[PDB]
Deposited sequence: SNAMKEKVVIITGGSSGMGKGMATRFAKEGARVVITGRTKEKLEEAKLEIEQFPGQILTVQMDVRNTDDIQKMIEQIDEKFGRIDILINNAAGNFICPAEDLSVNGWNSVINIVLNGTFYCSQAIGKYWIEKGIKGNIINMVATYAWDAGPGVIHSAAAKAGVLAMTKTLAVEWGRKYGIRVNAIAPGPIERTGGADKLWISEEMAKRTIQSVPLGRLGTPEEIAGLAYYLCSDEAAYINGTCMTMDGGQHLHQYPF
């Protein structure tokens, strides 16, 4: 189909936004690699999105482990022979007052979100550099990445770091290798996990509703299209206007 012969890797692709993006790329005929930490969820996701035999590759791995990343790259290269797009979506988040956050809790989020995104990006980038592939990277961030994230200080710091990495790689690798690097910052999206009623935040969104995984997937698809080839080093926000000041 439209994305046929392209190979897309989505970390954290067995649930939520990751799986919504995975669904769209598979419907457009691309080969999709989804990663996760649990076998069962990956199998389920694969059964839900696979359009033809061999289209989807599930990889049980940890983005914090550089050996796992290299093994995944070798496995994909052997099965499909190329990698076109990397979407760094694997994340970990929960609320905790900053004073009460354990050192291990802080470390775990920085490790999965910031470090794991860098490990995946550098390893995939090096693969593209060696093969002369003009790849595309999309990093999932949050609107609190450029502001305050009260109650989620670990995620706010990690995602801010990811946003800086996004812009830095867009300049360095855009120039030296023609690799495009961008981010997406979603607002509240229906059908996603986490940790007095919802109308408390649906109200905070000017458009008065939650976004959908299909809408996020449409943005990801547009960013990977030939039309969008000049978009580089930006963060596309999709939050119905939530992050803006709602009163004067």
Which parts of the deposited sequence lack C-alpha coordinates?
1, 197-203, 257
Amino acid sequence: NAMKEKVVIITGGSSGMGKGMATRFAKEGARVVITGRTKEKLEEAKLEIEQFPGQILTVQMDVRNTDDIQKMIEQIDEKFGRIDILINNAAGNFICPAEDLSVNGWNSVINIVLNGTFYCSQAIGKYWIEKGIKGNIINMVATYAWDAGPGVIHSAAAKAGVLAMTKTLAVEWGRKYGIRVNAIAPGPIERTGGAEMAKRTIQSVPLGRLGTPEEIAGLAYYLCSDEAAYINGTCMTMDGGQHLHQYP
From here on, numbers count along this sequence of modelled residues.
Higher of the two mean Cα B-factors (207-215, 36-44; per PDB record) comes from 36-44
If you average the CA temperature factors over each stretch, which comes out higher, 158-166 or 88-96?
88-96
Quick check on the deposited entry: does the C-alpha B-factor of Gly174 sit in the lowest, middle or highest third of its chain?
lowest
Would you check the entry's CA temperature factor for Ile124 and let me know if it's in the chain's lowest, middle or highest third?
middle
If you rank the chain by CA B-factor, which third does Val103 end up in: lowest, middle or highest?
highest
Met17 - which third its CA temperature factor falls in, relative to the rest of the chain:
highest
Would you check the entry's CA temperature factor for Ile189 and let me know if it's in the chain's lowest, middle or highest third?
highest
